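Residue numbers (the deposited numbering): 1002 to 1161, 1 to 326, 2012 to 2339, 2343 to 2361.
Built from N, CA and C at the ideal position, the CB exists for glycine as well.
Heads up, the thing below is written out as structure tokens.
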């Protein structure tokens, strides 16, 4: 209060200055020295402040120098016999008014006032003000004195109110001079220079010219191209719609008002403009939150690519709109208010004026805390854990150079995503926070404009980073902006220069050693002249759509890759197979062999079954042998010519081993909370390795010694899908299940054998079911049980599969039913042909 009074009146000067008297004075009238030496002023200043100030002190240090004057002056008041009784009689507010008089004029000046101090002591306010107004002090500084004189009369701080309050608005300017008029009626040129209103008109023009085409084109291009319309882009499309609301609802209205210099549309127009401006900004904000969440879950976990259909994307866009309306609507319906901010041209949320009628305190806290901290925590956690996962994954296999380029591009974008987010919302949050902590201080119209500059700029530069810098949207917009443009077997290329040959598609995987790829490649001498032909082995994990995944941040992960040269070779092949010799003799002179081997740490060819409604969803591992021609040296694999290249997929299939494992026989006992009797259960199977389409007799044996009755006995052939890509993520699912209606009595034993037949036909139309890798959309069978080599060095990435018979006993216990269950593992694989 008192500090804010004297700061407005005397004026807070930070550096050392010579006052009207010509003495070295610092801060709010805080004297330093009477000597003509400047270093003498520095001497007392440095000692008082406590550091090398060099004349320059902080605003808080000037506040402490002022508080020392407050303490010293108050002591001086109590020392004086005329001032002490008046100080004691008056309240805290009028005491501060007296201190203002004692500050400038000194004890000497204030001591001379006989009549006023008598009347002030006698609780006569009006005639005291009349006497004070008729003095030298009012003549000296009528600006300062008039404010203090009114304070003595009223006993309130109304004279010291920073701006000019109103029914539907708040102007940050003093009406003491008598120039303030309504922003909904008259011009506001008294706030700032007229050319700055033209600057605002030029600025809003720039936002419309840049903002509308970018966001409209985003939607227009999406309507044309089928490629873009995918669930992940749904949230990016919502961002485009949000920014369009900021243009049409916000900037165009602000442009019209900035030209005139005041808000012409009135309170109704201010509510609607501020509503769309907030809605556009908030939908844009929560769109980026959802985008961060989506990109974290979808990339790190490959299973979620299937999960994320249109309905989940709609929920993300819905949540965005709900959170936006949750904070945009209350200003209309009482909680806070939309008023003209800054220059009283743009309408926005009232986060400066504390009005308990509309409850701004609770609203600014609710908004600030929720809408700032929750995105900050979620987005930094999302992209933070994303980069954390990718950097650790990139370090796991440094041999793959393709992953390193991705990891680099990713980290570069994530740094820019953070910078764009902070530059956008930190100005508003920091200023709103600083205004809340320092409420007594004044804030100009241009001061409130600085956050508005960066936030409305985000309407432009967010589409740049999230849409324009996006790889798919960049190439799609390129098309629209430029008007539509810019037995042994083989496979021939498109240009028909290179022709690959392979003996078989299905390559076998024995536990010890993998059966290698063998074949040849025919080449045209005339077409391939002064070029380098490479035969390449590639193992790849695929998840999601091909175009969309490259665009988001980083693309599908290759489990293993190995390229090999062919024409011309370093020497030749060491020794040839019967296949290569046969092909060389059959084919002409321009045939060159290759031998590509698999290491021991790779998975099998496994895909996951989609639902019939899932038209555009696919995830699965597959092997690809590819051959191509190129002008560039070895490391230019990352990019390839589409025309010269030819690719033919293969499988790393595992047949069942000749010797069967031990006969599975699991056993487990149970107890209960009241009854301490044992319930012994023992399971047993026929084989360790079952084959596809084979009956599985599960000879369950249950010996009941407990008081409780069992309701039923259910057996289930459960497929555990262990998916590993970034982290180890198991996924259990049932395949086949049969249950008996028989009941086991107390002190009674039972021996039953239930047969189960796991088949693909019965398990059709189900999401998440792992299958053996298809060649070309043909019919297949349930996924084979994956086998891993003993005590290997590297971890096995990819989709690992395993089966287990899970018997569960529905026990009728004390209406409530207890469900105990146990598992036993087994294998489902193809037989040796």
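The alpha helix (DSSP H) enclosing residue i, as first and last residue numbers
i: residue 53; result: 34-64
i: residue 1131; result: 1127-1134
i: residue 110; result: 106-140
i: residue 302; result: 285-303
i: residue 1085; result: 1085-1090
i: residue 1146; result: 1143-1155
i: residue 258; result: 241-277
i: residue 207; result: 200-236
i: residue 92; result: 92-100
i: residue 79; result: 71-85
i: residue 1006; result: 1003-1007
Where the beta strand (DSSP E) containing residue i begins and where it ends
i: residue 2119; result: 2116-2121
i: residue 2264; result: 2253-2265
i: residue 2334; result: 2323-2337
i: residue 188; result: 186-189
i: residue 2222; result: 2221-2229
i: residue 2297; result: 2294-2297
i: residue 311; result: Element bounds for residue 311: not the beta strand (DSSP E) but the alpha helix (DSSP H), 311-321.
i: residue 2106; result: Per DSSP, residue 2106 belongs to no beta strand (DSSP E); it is in the alpha helix (DSSP H), 2103-2111.
i: residue 2357; result: 2345-2357
i: residue 29; result: Run containing residue 29: none; DSSP gives neither H nor E here.
Residue i, buried or exposed, once every other Cβ within 10 Å from all chains shown has been counted against 16
i: residue 2014; result: exposed
i: residue 171; result: buried
i: residue 2035; result: exposed
i: residue 312; result: buried
i: residue 1132; result: buried
i: residue 1095; result: buried
i: residue 226; result: buried
i: residue 296; result: buried
i: residue 19; result: exposed
i: residue 2074; result: buried
i: residue 197; result: exposed
i: residue 2096; result: exposed
i: residue 2105; result: buried
i: residue 2309; result: buried
i: residue 211; result: buried
i: residue 2058; result: buried
i: residue 2287; result: exposed
Cβ-Cβ separation, residue j to residue i (assumed contact under 8 Å), whole Å
i: residue 83; j: residue 109; result: Not confirmed; about 21 Å, so no contact.
i: residue 1025; j: residue 1033; result: 5 Å
i: residue 2121; j: residue 2098; result: That pair is no contact at about 12 Å.
i: residue 142; j: residue 2085; result: Rounded, the Cβ-Cβ distance is 16 Å, inconsistent with contact.
i: residue 208; j: residue 269; result: 6 Å
i: residue 1128; j: residue 1077; result: About 27 Å separates the two Cβ atoms, so there is no contact after all.
i: residue 2208; j: residue 2352; result: 5 Å
i: residue 41; j: residue 98; result: 4 Å
i: residue 2250; j: residue 2322; result: 6 Å
i: residue 2235; j: residue 2278; result: Not confirmed; about 17 Å, so no contact.
i: residue 1003; j: residue 1097; result: 4 Å
i: residue 1005; j: residue 1161; result: 7 Å
i: residue 2060; j: residue 2091; result: 5 Å
**Report entry** At least 3 beta-carbon pairs within less than 8 Å: the segment 295-311 vs the segment 2125-2141
**Finding:** No, the segment 295-311 does not touch the segment 2125-2141.
Requested in this report: Any chance you could list the beta strand (DSSP E) runs of at least 3 consecutive residues sitting entirely within the segment 2032-2088, in chain order?
Outcome: 2042-2048 and 2057-2068, all fully within the segment 2032-2088.
Report task. Kindly confirm or deny that the segment 188-200 and the segment 276-296 touch, where touching means at least three C-beta pairs closer than 8 Å. Result -> By the C-beta criterion, the segment 188-200 is judged to be in contact with the segment 276-296, since at least 3 inter-stretch pairs fall below 8 Å.
Query raised in the report: Is the number of C-beta pairs between the segment 28-40 and the segment 221-232 that are closer than 8 Å three or more?
Result: Verdict: no, contact absent.
Query raised in the report: Are the segment 2017-2027 and the segment 2146-2153 touching by the rule of at least three beta carbon pairs closer than 8 Å?
Result: Verdict: yes, contact present.
**Report entry** Runs of alpha helix (DSSP H) wholly within the segment 143-177 (minimum 4 residues, chain order)
**Finding:** Residue ranges of uninterrupted alpha helix (DSSP H) with 4 or more members, entirely inside the segment 143-177 and ordered along the chain, are 144-147 and 150-168.
Query raised in the report: Does the segment 1051-1067 come close enough to the segment 1110-1118 that 3 or more CB-CB pairs lie under 8 Å?
Result: When C-beta atoms of the segment 1110-1118 are compared with those of the segment 1051-1067, fewer than three pairs fall below 8 Å, so the two segments do not count as touching.
Query - Segment contact, 8 Å Cβ cut-off, at least three pairs: the segment 117-133 with the segment 69-78 - result: Yes: at least three Cβ pairs fall under 8 Å.
Query raised in the report: Is the segment 2154-2169 touching the segment 2193-2212 in the sense that three or more CB pairs, one from each, lie closer than 8 Å?
Result: Using a Cβ-Cβ distance cut-off of 8 Å, the segment 2193-2212 and the segment 2154-2169 are not in contact, since fewer than three pairs of beta carbons, one from each stretch, lie closer than that value.
**Report entry** Touching by the beta-carbon criterion (3+ pairs, under 8 Å), the segment 2318-2333 and the segment 2240-2258
**Finding:** Under the three-pair Cβ rule at 8 Å, the segment 2318-2333 counts as touching the segment 2240-2258.
Query raised in the report: How do the segment 174-182 and the segment 148-156 stand: do at least 3 beta-carbon pairs fall below 8 Å, yes or no?
Result: At 8 Å Cβ cutoff, the stretches do not touch.
Query raised in the report: Do the segment 229-245 and the segment 267-281 make contact, defined as three or more Cβ pairs closer than 8 Å?
Result: Segments in contact, no.
Query - 3 or more residues per run - each beta strand (DSSP E) lying fully within the segment 2157-2186 - result: List check, beta strand (DSSP E) in window: 2171-2178.
Query raised in the report: So does the segment 2175-2182 actually touch the segment 2134-2149, counting three or more Cβ pairs closer than 8 Å?
Result: Under the Cβ criterion (8 Å, minimum of three pairs), the segment 2175-2182 counts as touching the segment 2134-2149.
Query raised in the report: Taking one C-beta from the segment 2221-2235 and one from the segment 2256-2274 each time, how about it: are there three or more such pairs within less than 8 Å?
Result: With a cut-off of 8 Å, the segment 2256-2274 and the segment 2221-2235 count as touching, because enough Cβ pairs lie within range.
Report task. Ignoring anything shorter than 4 residues or poking outside the segment 1043-1121, list the alpha helix (DSSP H) runs there in chain order. Result -> Within the segment 1043-1121, the complete alpha helix (DSSP H) runs of at least 4 residues are 1060-1080, 1085-1090, 1093-1105 and 1107-1112.
Query raised in the report: Touch check for the segment 45-60 and the segment 101-118: three-plus C-beta pairs under 8 Å?
Result: Verdict: no, contact absent.
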